[PDB]
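Asks:
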Ligand SMILES: Nc1ncnc2c1ncn2[C@@H]1O[C@H](COP(=O)(O)OP(=O)(O)OP(=O)(O)O)[C@@H](O)[C@H]1O
Ligand SMILES: Nc1ncnc2c1ncn2[C@@H]1O[C@H](COP(=O)(O)OP(=O)(O)OP(=O)(O)O)[C@@H](O)[C@H]1O
Ligand SMILES: Nc1ncnc2c1ncn2[C@@H]1O[C@H](COP(=O)(O)OP(=O)(O)O)[C@@H](O)[C@H]1O
Ligand SMILES: [Mg+2]
Ligand SMILES: [Mg+2]
Ligand SMILES: [Mg+2]
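Chains as they are written, first to last, in the deposited numbering: chain E, 357 to 397; chain G, 141 to 418; chain H, 204 to 252; chain W, 103 to 153; chain U, 98 to 145; chain R, 75 to 366; chain Y, 50 to 389; chain C, 242 to 337.
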């Protein structure tokens, strides 16, 4: 279930930077953010 | 004959003597929630083309919740002040009416006016009154509440992703809510409002105390470093109480002893630390 | 349920949909009286906590 | 009017004083549409499975 | 059919409560004696 | 002829209805002739707004056959069916249940027909009869009479017998009531009976009201987080306040009785509400001769 | 006799120079034309108006109503006890009047320091100490309108009457600007939101959350103050005790010995006594009495003299009464309770 | 006895009132109560309310037989299996 989450969230990161495609570092930042939010409860 | 569109309820938030006027500066430390509500509501007004191109499925409904005393309603005030499009606010428990059928009408016309007027925003505060889990289908009052909930859901679901109508809905206890409301496609965003921890407490103190003369030698770091997980609506009461304490004795500059006695007055936690267990 | 073409219905014992099933639902199995009109069906439930 | 055309659960116009039938109306109501629309189950198929 | 609320003195005048209409001030008709209309019981009243 | 012309209008099938408001009216700034109204300008006294039973609301430009001085909001008036002119003021109304809880054929006894209680009988009569027949005896001393009494004790004793005798010997207006009779199904139907009972009993000069079996109502409040019977507590919190709060009264005397006392809420046992608490023994070896 | 009533209703909007939409209070909407002279400048959307019944034309506009309930709770009060009659807690009186009067007058002080005065406070303490007496003492002395409700009469069996009444009384307070709402026995309605409940209940939860919304929601009061008094503050909803809504909580306790002297001197005043009384012993015994008990002492000491036909009190009867009441209070609960 | 447990609050008491009233309408006759121990045992309130409603029903039944001009020409008749749980105020003579 978290893989769908990381795919959903990786788009918002490109949205913030006003881009048109999704780079790999966006994926990894989304990965770390999901790990971190899961680390709490 | 036909009529030009006419309705009732909350009219318009007439925008002259109605903006409650709270700048974004009076809200401190809540940058996360600020930025994400901004991109949830105001950005889709303009950057819709990006959504279509990337394919991220623009969100429609947003629900925010948390423990009492964390400024959920202050964001609604801030947005209503700074918005450019139409704004509408209603109280969750006004839809119920004695005369049969007035509730459903009052909902459908609110939605109709919001639709035909402009790219508006509806705001419903404290919705625990209507949407709840259980029911009893013999008392009648539950019958009216059922009809209201059903057709509200129906008509929120009837929009076409073109008329740019958004909904902001807030609540106090998120436990007793029917999940059928938060089904995907209706209220797609959930926002949690926690309590300040360390970073926000200092910012709240620094912003609040800018209005008082507050002497010159008072120290604030002595109070932020303490541990007591107070809410965000207690910082305000702390500063207010110290100010009144100074007024009592006819001195118009607040001193440190004021802060001390005020802090002790507000908190009131005895020990609750029964020791021989440790 | 989609590949075998059965009317996939789920039940959670809530109260909004209860009125559609019956007036009060004193007993439970009344859904059978509604399921037989659409016989090829699958009942699905879930447990959390 | 013939009785057979007079189906159950149908909307019909009706004259004022004699209350006699006069015409027919298309719209009808059903339960299942309302229950299923409340539920909102996600139809899918085999394509999305992984592992 | 209605329910009576009370009476008042020296000249019969009565209060009538019906189920969904108003409360009325009424009197009796000639064919019925005034003794047996003890307070608080169902009565039948005409429609005009 | 004029009085008969008035009389022949007053056909008795009036409606009945409630006054909502009384208004002070002033003529307009400007006037006309050929087309002026007697009622828009050219009125200067009082006007009224009434609510009919059939849920209409009418403004009245001319009050009618009753002097405006004696009306106040909430009054109950009988009104002509067609014009909705006001025609009469009715006696105020009391719920059909309450008018039932009044004695009207007296119980018949004597204080002689109780054995073995010579102190409690005195303790009651001294606190209920004298403040009703010998006011001056308390006035001269500069004191306030005791305010309502509780009687309690094990079941097979004289608790209710005494109240019966008391009603048989006094001459005040006497109301008999029972605890569970104040519980009702629809929310807020109870308190309306509590306050109607007290309201009726203070429209008579000396009155006593006897709350039997109070432990149906006075049960201790508790903190509960899942579910509870908040309803009857919310009617008790009416009784407490009718008995001693804002706008103190003085013309109603309260008696209450029970056979359990560890249950009742402390806020109902306070010194101001239940004033003298007197208690009955199991009869001693001598009385048991007298009873037989 | 030759007169007729007129229908009451409410205006929604002016359509053209001669077309208005009105809603009667009872039901059907209508389209209706005006009368020529009425100063059409004044028919703002929302004003109450009176219609002629034969043909439905505007005929007169009116001021806002007051529902008889609010009128009645506007002004019924014995209203005459002085601060002289309250002894033993002057400090609490200072603490309270520093919120409900000093910022109605004198507003220029606070704006000098930079704060906003509190909105409301609550009183709490064990039964029989005087939480109500203090409020009557306030209502006697100071001159601003004063609504006075018992928080249990405002409930009615139809569907949405309660929330309607609460909105109406806060409107009536907004019209007349210096006002004080007093809300007695609040624990009847404050309760707590049940996790399960029952149908006959949830009306009360609607009403409560409605009151909260008017006390602080997306709106702002000015010059309205409220004070609330309760017997036991443990079972209060955690939202209603938020510092935004009720700012200060004032504790009223059992009297200190010095306070017992102070209180007893009063109700001993008018009694025809004899000049040999030593209050200090009566103080010495009265451990743990509430204020309401000392009135009772002063009553029994007279009762023991109504028999034996002494028209004067003497010091022995005070001893008798004190011991007689001392042993009757062995069946109360003596739990203090605390808001948290 | 099990016929005297009802859905809503204050219903059982009403039923007992009109039961005795309908009995009073006639000249005189018998009432048979069966399986009493389901309707009232004793009063033991503690913590959260327990059996409070049934207790109010029992109190109304008790009150109908005693205090202020009793029923007169009516005889009752009861039965049970475990009578140790009956309430003292119900077993007092003048009633049983
Ligand atoms: N940055 C901030 N974060 C939290 N609270 C703040 C902040 N700045 C000010 N406050 C104070 O917090 C309070 C928030 O008021 P508000 O009524 O909006 O709270 P709420 O959490 O929405 O509560 P409720 O659901 O009970 O209405 C105000 O009294 C305000 O002074
Ligand atoms: N300090 C005091 N001085 C004089 N009389 C007092 C004092 N405190 C209490 N009393 C007495 O209290 C009696 C009534 O108290 P009050 O009506 O205020 O109730 P309360 O203490 O608020 O309790 P409750 O309403 O919860 O039963 C009065 O008769 C008054 O004599
Ligand atoms: N001298 C007496 N003292 C006490 N009880 C008596 C005496 N004489 C008769 N009785 C009987 O006591 C009963 C009174 O009922 P009572 O016990 O007062 O009701 P409750 O149980 O509610 O107190 C009556 O049957 C009465 O006949
Ligand atoms: Mg809020
Ligand atoms: Mg008895
Ligand atoms: Mg009080």
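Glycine is no exception: its CB is placed at the ideal position from the N, C-alpha and C atoms.
In whole angstroms, what separates the C-alpha of residue 133 of chain W from that of residue 300 of chain G?
Replies: Roughly 24 Å between the two C-alpha positions.
Asks: Can residue 318 of chain R be considered in contact with ligand 2, in the sense that its beta carbon sits closer than 8 Å to one or more heavy atoms?
Replies: It does: the Cβ of residue 318 of chain R is within 8 Å (strictly closer) of some heavy atom of ligand 2.
Asks: What do you get for residue 148 of chain W, buried or exposed, if any count of 16 or more other CB atoms within 10 angstroms of its CB means buried?
Replies: Exposed.
Asks: Residues of chain G with CB under 7 Å from residue 359 of chain E, in chain order?
Replies: In chain order: nothing, as chain G lies at least about 16 Å away.
Asks: Between the Cα of residue 312 of chain R and those of R:336, R:300, R:270, spot the shortest distance and give me the residue it belongs to.
Replies: Checked all of R:336, R:300, R:270; the closest Cα to residue 312 of chain R is R:270.
Asks: Against chain W, with Cβ distances strictly below 9 Å, would residue 232 of chain H count as a contact?
Replies: For residue 232 of chain H, the answer is no, since every Cβ of chain W falls outside 9 Å of its Cβ.
Asks: Tell me whether the beta-carbon of residue 117 of chain Y lies closer than 9 Å to the beta-carbon of residue 148 of chain R.
Replies: The answer is yes: Cβ separation under 9 Å.
Asks: Cα separation between residue 75 of chain Y and residue 58 of chain Y?
Replies: Near 8 Å, if we compare the C-alpha coordinates of residue 58 of chain Y and residue 75 of chain Y.
Asks: Starting from the beta carbon of residue 83 of chain R, find every residue of chain C whose beta carbon is closer than 8 Å, and list them in chain order.
Replies: Correct list: empty, because the minimum Cβ distance to chain C is about 45 Å.
Asks: For residue 351 of chain Y, which of helix, strand or coil comes out of DSSP?
Replies: Here residue 351 of chain Y sits in helix by DSSP.
Asks: Could you tell me which uninterrupted alpha helix (DSSP H) segments, each at least 4 residues in length, are contained entirely in the segment 230 to 309 of chain R, listed from first to last along the chain?
Replies: For the segment 230 to 309 of chain R, whole alpha helix (DSSP H) runs of length 4 or above, ordered along the chain, are 233 to 243, 264 to 275.
Asks: How many whole angstroms separate the CB atoms of residue 135 of chain R and residue 113 of chain R, which I take to be in contact at a CB cut-off of 8 Å?
Replies: Confirmed, Cβ separation roughly 5 Å.
Asks: Taking residue 348 of chain R as the reference, which of R:168, R:188, R:317 has the closest Cα?
Replies: When only C-alpha atoms are compared, the closest one is R:317.
Asks: On the criterion of 16 or more Cβ atoms from any shown chain inside 10 Å, does residue 319 of chain Y qualify as buried, or is it exposed?
Replies: Burial call: exposed.
Asks: Check whether the Cβ atoms of residue 71 of chain Y and residue 100 of chain Y sit closer than 9 Å, and answer yes or no.
Replies: For residue 71 of chain Y and residue 100 of chain Y, yes; Cβs fall inside 9 Å.
Asks: Going along chain C, which residues have a C-beta under 7 Å from residue 257 of chain R?
Replies: Within 7 Å Cβ-Cβ: 250, 251, 254, 297.
Asks: Between the segment 230 to 248 of chain H and the segment 289 to 309 of chain G, are three or more C-beta pairs nearer than 8 Å?
Replies: At 8 Å Cβ cutoff, the stretches do not touch.
Asks: Whole angstroms are fine: how far does the CA of residue 368 of chain Y sit from the CA of residue 318 of chain C?
Replies: When rounded, the distance between both Cα atoms is 55 Å.
Asks: Count Cβ pairs between the segment 192 to 200 of chain Y and the segment 230 to 249 of chain Y that sit closer than 8 Å; are there 3 or more?
Replies: They touch, by the three-pair rule.
Asks: Once you ignore the five residues that flank residue 136 of chain U on each side, which residues in its own chain have a CB closer than 7 Å to its CB?
Replies: Hits under 7 Å: 101, 103, 104.
Asks: For residue 173 of chain G, return the contacting residues in chain E, with the cut-off set at a CB-CB distance below 7 Å.
Replies: Here the premise fails: no neighbours, minimum Cβ distance about 15 Å.
Asks: Does DSSP put residue 186 of chain G in a helix, in a strand, or in coil?
Replies: Reduced to three states, the DSSP call for residue 186 of chain G is helix.
Asks: Do residue 242 of chain Y and residue 283 of chain Y have their C-beta atoms within less than 9 Å of each other?
Replies: No.
Asks: Pick out the complete beta strand (DSSP E) segments inside the segment 253 to 305 of chain C, 3 residues or longer, and give them in chain order.
Replies: Here the runs fully enclosed are 270 to 273.
Asks: Is it true that the CB of residue 254 of chain C sits closer than 9 Å to the CB of residue 315 of chain C?
Replies: Contact: no.
Asks: For the alpha helix (DSSP H) containing residue 134 of chain W, list its first residue and its last residue.
Replies: Looking at the DSSP string, the run of the alpha helix (DSSP H) that includes residue 134 of chain W is 134 to 141.
Asks: With a CB to CB cut of under 6 Å and the five nearest residues on each side skipped, what residues in its chain are close to residue 131 of chain R?
Replies: Taken in chain order, the residues that qualify are 125.
Asks: Using only the heavy atoms of ligand 1, determine whether one of them is closer than 8 Å to the beta carbon of residue 212 of chain G.
Replies: Checking the Cβ of residue 212 of chain G against ligand 1 gives yes.
Asks: What are the start and end residues of the alpha helix (DSSP H) that includes residue 229 of chain H?
Replies: Run containing residue 229 of chain H: none; DSSP gives neither H nor E here.
Asks: For residue 333 of chain G and residue 207 of chain G, what's the separation of their Cα atoms in angstroms?
Replies: Taking the straight line from one Cα to the other gives about 7 Å.
Asks: Residues of the segment 315 to 327 of chain G in Cβ contact with chain W at a cutoff of 9 Å, in chain order, please.
Replies: So the close ones are 320, 323, 324, 325, 326.
Asks: At a CB distance below 7 Å, what residues from the segment 212 to 239 of chain H approach chain W? Give them in sequence order.
Replies: Of all residues in the segment 212 to 239 of chain H, 213, 219, 220, 223 have a Cβ within less than 7 Å of some Cβ in chain W.
Asks: Measuring CA to CA, which of R:236, R:300, R:248 is closest to residue 185 of chain R?
Replies: Taking only the C-alpha atoms, the option nearest residue 185 of chain R is R:236.
Asks: Just mark residue 186 of chain G as buried or exposed, buried being the case when its beta carbon has 16 or more other beta carbons within 10 Å.
Replies: Exposed, by the Cβ-count rule.
Asks: Determine the contact status of residue 351 of chain Y and residue 362 of chain Y, defining contact as a CB-CB distance below 9 Å.
Replies: Contact flag set, yes.
Asks: Nearest chain R C-beta to residue 127 of chain Y closer than 9 Å, yes or no?
Replies: Output row for residue 127 of chain Y: interface = yes.
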